[PDB]
Undergrad: 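Once you've had a glance at the structure underneath, I'll fire off some questions.
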Amino acid sequence: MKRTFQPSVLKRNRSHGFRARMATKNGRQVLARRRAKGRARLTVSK
Amino acid sequence: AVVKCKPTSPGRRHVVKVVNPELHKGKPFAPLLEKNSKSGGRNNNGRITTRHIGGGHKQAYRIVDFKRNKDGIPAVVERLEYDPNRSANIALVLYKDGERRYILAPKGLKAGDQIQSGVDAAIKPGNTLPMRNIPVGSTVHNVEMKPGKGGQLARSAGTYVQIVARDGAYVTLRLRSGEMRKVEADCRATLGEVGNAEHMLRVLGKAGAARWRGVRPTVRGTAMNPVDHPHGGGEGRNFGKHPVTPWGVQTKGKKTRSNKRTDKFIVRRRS
RNA sequence: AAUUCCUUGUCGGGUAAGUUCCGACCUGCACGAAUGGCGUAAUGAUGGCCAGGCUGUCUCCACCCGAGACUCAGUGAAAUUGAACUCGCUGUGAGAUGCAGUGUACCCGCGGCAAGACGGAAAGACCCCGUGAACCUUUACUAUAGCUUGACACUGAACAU
RNA sequence: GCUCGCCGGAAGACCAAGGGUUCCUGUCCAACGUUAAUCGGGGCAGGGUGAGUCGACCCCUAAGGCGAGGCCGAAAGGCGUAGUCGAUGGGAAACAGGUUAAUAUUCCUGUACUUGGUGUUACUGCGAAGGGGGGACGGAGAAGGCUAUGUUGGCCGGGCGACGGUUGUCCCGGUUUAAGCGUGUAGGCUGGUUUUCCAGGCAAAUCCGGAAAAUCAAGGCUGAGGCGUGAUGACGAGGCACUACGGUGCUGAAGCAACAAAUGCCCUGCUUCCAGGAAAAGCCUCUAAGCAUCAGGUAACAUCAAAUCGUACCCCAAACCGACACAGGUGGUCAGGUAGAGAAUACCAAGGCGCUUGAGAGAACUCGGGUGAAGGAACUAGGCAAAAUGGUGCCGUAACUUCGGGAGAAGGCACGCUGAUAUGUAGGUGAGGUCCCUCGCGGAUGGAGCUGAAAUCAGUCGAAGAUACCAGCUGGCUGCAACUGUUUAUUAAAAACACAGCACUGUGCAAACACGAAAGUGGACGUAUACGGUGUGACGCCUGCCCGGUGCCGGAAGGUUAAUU
RNA sequence: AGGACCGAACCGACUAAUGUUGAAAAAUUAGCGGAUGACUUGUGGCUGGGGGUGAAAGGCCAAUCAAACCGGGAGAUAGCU
């Protein structure tokens, strides 16, 4: 049975990568919220 | 020519084909070709703006000359070609100076016939002249609506318009729809009728034939649920309301023309 | 009749016997002509019905080959669980292992069966209730996008009546 | 280690995606492994991934994203031009052998190739963000010529048989060799060459396109494979000195032919059809602005450079997605033998495995199967399930029909093996020899050798010859839908949804309509034989009556009627 | 020639049994349908919540759909347990 998660590094970065988050105001707010929370891993870049 | 396919299997019993042997059996003129990417009926927002559009065979656009501004240059027809972007056929014309262009095919234009555009051009099918010079009552096609804009009327498979009267700067025309419209006499027009009369006689014969054209299936609307269409659902087949479009418009006689911008060039709507 | 309530309508065919099926009849509860009517070859993992072949489907089960079940060694769950020294019957309190009377019964496992413990599982979905929701409908109410009408503004010039 | 069993269009081999050390060696057995564990994809330590040619990066672009200005929008922001990004596509070059416990087209040996920089020499019109060519493109079908590959023979080496025979028509194994370079064949495409002229290719042009003459027919391009060379080499069954029986030096025979043959190659070809089949760059040419005893361009030689990153291992699975060492899911490539139409199926080769609890017993009952007296649907809501039919060839085949079908209708007969026809035929393949020549990978004749059906006749074995696996039950009446398709992922596959066809209606293009506060976009680079919406639903015969209601489309006399005044 | 025929791969999911604290939060086994097309598949892209998409089932939109998910208004309100 095919499951929901079909990994793809290229699609992973384009959808949730660091540059993608910086591309929009709302995405930049996501990083700001995560930085305020002190997240060790800001995004899924690596 | 119209030929009926033999009923060797379902899906071919009712297939009627329009075979034209005169059409070129080869690749078109590459220089006058352009990329034509499909849209699926979706605009720049990505939303379906026109339904029932999608799929179909890949097509390459042909640069058809709808202006015919090469005044005073005799041209000779090289061959007739099949155009996937339009119902009518197109003809490859070679001008006396070595330039090749694509034009709509009139009723009786073949390889070797000569055509010419301009005020002094002869009154023969395929020739383009301003409607001021064209005698009243003759049948024309590819009519221009504005001076120099390019042909915009009677471009279909076998359509044509006729000049009914010359009142001065404007010429009244009887369009295929029956509309009596007037345009400036300076507008250009092509003599004759676009020749594909048999185009309306074809029978697709099967569902797949429509899909080849890029026409996706149409869901009626009475077969949907109320959340989807005004015709909605019901237990069985009820349909107890006035017919409407999606989004709630009568679409059973209700006139939707509200332009009012020109509303002066129109003499009689139709019928 | 995918439509017929009365109804298994009536007659005929098929069967020893046919509420189904097929063919007619018309008394169409409550068919009907593009929310189509009546036909229709072909097609269908489609509905109904009848035959030949075929058989453990059955009369009526028998034997056999394997995997479990069973025993030994190793590892090692689960739902459930107020507490239990946790029997039958009749009666009682509204269908009793637990009350009354009476009968029966040495203590404890293992393999089986599933009648009861109103067995386990899911704060019944049916039903009603709440001045509870949610979507949906419309000639319910009140609004509103859109469409449409006119006035004024953007907006002037002469001429004639 | 010897047997046995299982897969073998994989349960083998090589990758992408993804994972990220699971790879190799040593060591340890608490935990992890559904048991034990000396073992492990477990713990610990060490080791391991070598590139001008593979891939990425890089050059080029598709869908699409972003977007200087710009247009639009309360703000946020939206769309989009010039541009710039974006592979799943296009663009230069490496093959064979050997080698490590673990890497190799990356290292080593041998033999090659590509694109650039600099310099020398000779000959020289060079030059672009421009022009043209090219790149460059569909589906189906059809053969023909080939190769991969396989079979047999020949050759070489070895063998003479645990039990009758086996020195022969016997048995086992091997018989392998690339890129590159040269040759330019089967076959495909195209008529060349020279001069003159021209409203075209945003300006120019010797290039492209077009026009008019002259002159010859042989010019050119593309092109699998074969052959030669690469190769006096490498590899090589097996031997000989070493030989911790763990393995290395040296040596190492034959290394040919015939036939069959692909879904691969010629083929981005050919034929044919309608639904009419990417873009851009590299590359080849054209000149402009400009530079000209320069600079640049062409060829040869020499020299230098080709960086950086990935490279282990798994990759139909115990390493990826499923919480698991989970009967699930996961794209590409490779495609042996016998039988067979076949990538089905059976049995096997190479290779890989026996699926991480076993040992006994041989109860009920459950699960998966085999067989069955007599009867044969009496079962049951229902022939559910099971049983049965099953192949090829020939004969034969109804109603009905849209004349295609129905149809493999139904039904019947023959199938093994041996021999002969014919010591292996018809057919296919085709050597030597002879003849011809513009003598060449040539043509004709020629038929050796090899390969090889099918049929007839006769004989013969069994209960049974399409013997296994594999492999249609058939027929009659009838409802519904024409049909192929589509649908409730995870209880509904249907008579529902689509459908071709039909009709009504809207829409004259800045179209109707749709998404958008707007710009704008789709509709459409379309134009009434078009497009949107609605209903109906192939086809055949037809589709009657009613406009009071509601809606829609017109109408003008009057009545009523908003802001405003 | 064919939304032609028989039939593997491939894509489907009609019947039955098993399983139902399953090997599996939909699978296995034996049959079954399509299998040159309205086919199927890899990679990437686009459409966003009263919205998308939908050969239409209220289907699907990350095991969730008559209005997804996450955070917030928020300790919504609960004449009810």
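Worth knowing before you read on, the calculation uses all heavy atoms, side chains too, and leaves out hydrogens, waters and symmetry mates. Note on naming: letters A, B, ... go to the chains in the order of the sequence lines (proteins, then strands), and numbering restarts at 1 for each one.
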Undergrad: Contact class for A:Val9 vs. all strands (heavy atom < 4.0 Å): base, sugar-phosphate, or nothing?
TA: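 Counting heavy atoms under 4.0 Å across all strands, the contact made by A:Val9 is with sugar-phosphate only.
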
Undergrad: Give every donor-acceptor pair under 3.5 Å between a side-chain atom in residues 90-102 of chain B and any protein atom, sequence neighbours left out.
TA:
from, atom 1, to, atom 2, distance (Å)
B:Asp97, OD1, B:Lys70, NZ, 3.0
B:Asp97, OD2, B:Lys70, NZ, 2.5
B:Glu99, OE1, B:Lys70, NZ, 2.6
B:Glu99, OE2, B:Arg101, NE, 2.6
B:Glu99, OE2, B:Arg101, NH2, 3.1
B:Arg100, NE, B:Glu78, OE2, 2.5
B:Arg101, NH1, B:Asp65, OD2, 2.5
B:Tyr102, OH, B:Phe29, N, 3.0
B:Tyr102, OH, B:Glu81, OE1, 2.3
B:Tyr102, OH, B:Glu81, OE2, 3.1

Undergrad: Name every donor-acceptor pair, under 3.5 Å, that has one atom in a side chain of residues 38-46 of chain A and the other anywhere in the protein, sequence neighbours excluded.
TA:
from, atom 1, to, atom 2, distance (Å)
A:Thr43, OG1, A:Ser45, N, 3.4
A:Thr43, OG1, A:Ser45, OG, 3.1
A:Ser45, OG, A:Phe18, N, 3.3

Undergrad: Does B:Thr222 or B:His229 map to a spot on RNA chain C nearer the 5' end, using the closest nucleotide for each?
TA: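 It is B:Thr222, whose closest nucleotide lies nearer the 5' terminus.
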
Undergrad: Mind checking whether B:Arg213 and B:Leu204 have side chains closer than 4.5 Å, heavy atoms only?
TA: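 SC-SC contact between B:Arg213 and B:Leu204 confirmed.
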
Undergrad: Base, sugar-phosphate alone, or nothing: which one does B:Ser9 contact when heavy atoms must sit under 4.0 Å apart?
TA: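 Sugar-phosphate contact only - B:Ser9 comes under 4.0 Å of backbone atoms but never of a base.
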
Undergrad: Listed in order of residue number, which residues of residues 230-260 of chain B have a non-hydrogen atom at under 4.0 Å from RNA chain C?
TA: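 Per residue number, the list reads B:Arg237, B:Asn238, B:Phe239, B:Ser258, B:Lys260.
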
Undergrad: The sugar of C:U7: north or south, by the sign of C1'-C2'-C3'-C4'?
TA: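 South, since the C1'-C2'-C3'-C4' torsion of C:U7 has a negative sign.
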
Undergrad: Regarding A:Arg33, tell me which of base, sugar-phosphate or nothing describes its non-hydrogen contacts under 4.0 Å with the strands shown.
TA: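 The answer is nothing, as A:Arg33 stays clear of every strand by at least 4.0 Å.
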
Undergrad: For a quick test of reading the model, state the closest non-hydrogen atom pair linking A:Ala20 to A:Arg14 and the distance between them.
TA: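 Closest approach of A:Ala20 to A:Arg14, heavy atoms only: CB-O, 3.5 Å.
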
Undergrad: What integer distance in Å separates B:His52:NE2 from E:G54:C1'?
TA: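 Taking NE2 of B:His52 and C1' of E:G54, I get 12 Å after rounding.
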
Undergrad: For B:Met224 and E:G59, what is the distance between atoms CE and P respectively, to the nearest whole Å?
TA: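 Checked: the CE to P distance equals 15 Å.
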
Undergrad: Do D:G5 and D:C353 form a Watson-Crick or G-U wobble pair, with both donor-acceptor distances under 3.5 Å?
TA: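 Here the two bases pair.
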
Undergrad: Syn or anti for D:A199, please, going by whether the chi angle lies within 90° of 0.
TA: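 Base orientation: syn.
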
Undergrad: What's B:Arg12 touching, base or sugar-phosphate or nothing? Going by heavy atoms closer than 4.0 Å.
TA: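 Since only primed, P, OP1 and OP2 atoms lie under 4.0 Å of B:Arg12, the category is sugar-phosphate.
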
Undergrad: With respect to the phosphate group of D:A528, does any side-chain polar atom (N or O) of B:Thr159 fall under 4.0 Å of OP1 or OP2?
TA: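 True: B:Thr159 side-chain N/O within range (under 4.0 Å) of D:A528 OP1/OP2.
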
Undergrad: Does D:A385 pair up with D:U423, Watson-Crick or G-U wobble, with both distances inside 3.5 Å?
TA: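 Pair flag for D:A385 and D:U423 is false.
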
Undergrad: Among D:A275, E:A55, E:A56, which nucleotide sits nearest the side chain of B:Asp228?
TA: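 Ranking D:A275, E:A55, E:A56 by closest atom to the B:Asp228 side chain puts E:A56 first.
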
Undergrad: Ignoring backbone atoms, establish whether B:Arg51 has a side-chain N or O less than 4.0 Å from OP1 or OP2 of D:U534.
TA: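 So the side-chain polar atoms of B:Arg51 do come within 4.0 Å of the phosphate oxygens OP1 or OP2 of D:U534, strictly under.
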
Undergrad: Would you say the base of D:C525 stacks on B:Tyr61 (centre-to-centre below 5.5 Å, plane angle below 30°)?
TA: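 Given the distance and angle limits, yes, they stack.
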
Undergrad: So what does B:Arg270 hit on the nucleic acid, given a heavy-atom distance under 4.0 Å: a base, only sugar-phosphate, or nothing?
TA: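 If one applies the 4.0 Å heavy-atom cut-off, B:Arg270 turns out to touch a base.
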
Undergrad: Using a 4.0 Å heavy-atom cut-off, does B:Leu153 contact any base of the nucleic acid, only the sugar-phosphate backbone, or nothing at all?
TA: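 Touches a base.
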
Undergrad: Indicate, with a heavy-atom threshold strictly under 4.0 Å, whether B:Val19 touches base, sugar-phosphate, or nothing.
TA: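 Since only primed, P, OP1 and OP2 atoms lie under 4.0 Å of B:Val19, the category is sugar-phosphate.
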
Undergrad: When you check the glycosidic angle of D:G97, does it come out syn, meaning within 90° of 0, or anti?
TA: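 This nucleotide is in anti.
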
Undergrad: Is there a Watson-Crick or G-U wobble pair between C:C152 and C:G103, both distances under 3.5 angstrom?
TA: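 WC or G-U pairing between C:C152 and C:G103: no.
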
Undergrad: Quick one: ring-ring contact (aromatic ring centres under 6.0 Å, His included) partners of B:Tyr82, sequence neighbours excluded?
TA: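 Once residues adjacent in sequence are excluded, B:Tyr82 has no partner under the ring-ring contact (aromatic ring centres under 6.0 Å, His included) criterion.
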
Undergrad: Does A:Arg14 or A:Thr4 map to a spot on RNA chain E nearer the 5' end, using the closest nucleotide for each?
TA: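 Comparing both residues, the 5'-ward one is A:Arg14.
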
Undergrad: Ignoring hydrogens, what is the shortest heavy-atom contact between B:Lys241 and B:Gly232? Give both atom names and the distance.
TA: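 Taking every non-hydrogen atom into account, NZ-N, 4.4 Å.
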
Undergrad: Have C:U92 and C:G88 got a Watson-Crick or G-U wobble pairing, both distances under 3.5 Å?
TA: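 C:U92/C:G88: base pair absent.
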
Undergrad: So which of residues 20-36 of chain B are in contact with RNA chain C, with a heavy-atom cut-off of under 4.0 Å?
TA: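 Here the set is empty: none.
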
Undergrad: With side chain to side chain contact (heavy atoms under 4.5 Å, CB included) as the criterion, how do B:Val219 and B:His229 come out once you've worked through the C-alpha distance, each side chain's angles and the decisive distance to 0.1 Å?
TA: CA-CA 10 Å; B:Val219 190; B:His229 205 270; over 6 Å; no

Undergrad: Regarding B:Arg86, tell me which of base, sugar-phosphate or nothing describes its non-hydrogen contacts under 4.0 Å with the strands shown.
TA: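 Answer is sugar-phosphate: B:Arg86 comes under 4.0 Å of backbone atoms only.
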
Undergrad: Answer syn or anti for D:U356, where the cut-off is 90° from 0 on the glycosidic torsion.
TA: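 For D:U356, whose glycosidic angle is more than 90° from 0, the conformation is anti.
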
Undergrad: Just label C:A117 as syn or anti from its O4'-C1'-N9-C4 or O4'-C1'-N1-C2 angle, using within 90° of 0 for syn.
TA: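 Anti, angle beyond 90° from zero.
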
Undergrad: For B:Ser87, what residues pass the side chain to side chain contact (heavy atoms under 4.5 Å, CB included) criterion, not counting sequence neighbours?
TA: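 Expected list: B:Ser156, B:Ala157, B:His199.
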
Undergrad: Which is more 5' along RNA chain E, the nucleotide nearest A:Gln6 or the one nearest B:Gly11? Just name the residue.
TA: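 Final value for this comparison: B:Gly11.
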
Undergrad: Would you classify B:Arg181 as touching base, sugar-phosphate or nothing, given that sugar-phosphate means primed atoms plus P, OP1 and OP2, and contacts are heavy atoms under 4.0 Å?
TA: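 Since only primed, P, OP1 and OP2 atoms lie under 4.0 Å of B:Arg181, the category is sugar-phosphate.
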
Undergrad: Does B:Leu201 reach a base, just sugar-phosphate, or nothing at all? Heavy atoms under 4.0 Å.
TA: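 Nothing: the residue B:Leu201, judged by heavy atoms under 4.0 Å, touches no strand.
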
Undergrad: NA contact type, B:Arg268, heavy-atom cut-off 4.0 Å: base, sugar-phosphate, or nothing?
TA: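 The answer is nothing, as B:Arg268 stays clear of every strand by at least 4.0 Å.
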
Undergrad: Using a heavy-atom cut-off of 4.0 Å across all strands, would you classify B:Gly158 as base, sugar-phosphate, or nothing?
TA: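 The residue B:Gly158 makes base contact.
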
Undergrad: Touch check for B:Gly208, heavy atoms < 4.0 angstrom, all strands: base, sugar-phosphate only, or nothing?
TA: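 The answer is base, as B:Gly208 lies within the cut-off (heavy atoms under 4.0 Å) of a base atom.
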
Undergrad: Is the aromatic ring centre of B:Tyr82 closer than 5.5 Å to the centre of the six-membered base ring of D:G276, with the two planes inclined by less than 30°?
TA: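 Aromatic stack with D:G276 present for B:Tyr82.
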
Undergrad: Using a heavy-atom cut-off of 4.0 Å across all strands, would you classify B:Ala209 as base, sugar-phosphate, or nothing?
TA: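 Here B:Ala209 touches no strand at all.
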
Undergrad: By the rule that syn is within 90° of 0, classify the base conformation of D:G404 as syn or anti.
TA: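 Syn, angle within 90° of zero.
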
